[PDB]
């Protein structure tokens, strides 16, 4: 009839299983997003930082020539700046969650610097805006408006 009683977490903790699947438990929303940020850093930290880096429109600056095309594409469409705008336009509640997520990623790197590829260490620290920017890049300038269809 009614959904089984929801669990009431009384402390923050990630319980990892045999396959590296993180089970994040937070006493509140921001806590859970922080755990999520930490988990993703642990599992895919390198590529996440690299992608966040490109979202800032700094791919060419951070890693040179093979990233210059994307840099130009994202700058001409002013993605990185619109990301700052979208970040500011978020609701107070959700912006807090986004901030926690970035903090989680930062925290993991702070406690485990050895697990971060040298080349992407310069991206740190990340911010809620970075999270928003990448999402904006993925949705609107990769899926919807690809550099391919506009250029050929």
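Positions refer to the first chain, counted from 1.
The stretch 5 to 13 shows the higher mean C-alpha B-factor when 20 to 28 is compared against 5 to 13 in the entry.
Per-chain ranking of the deposited C-alpha B factor places residue 57 in the middle third. In this PDB entry, the Cα temperature factor of residue 144 sits in the top third of its chain's modelled residues, the highest group. In the PDB entry, residue 111 places in the highest third of its chain by CA B-factor. Residue 118: CA B factor lies in the middle third for its chain, per the PDB record. Placement of the Cα temperature factor of residue 40 within the chain: lowest third of the modelled residues, per the deposited record.
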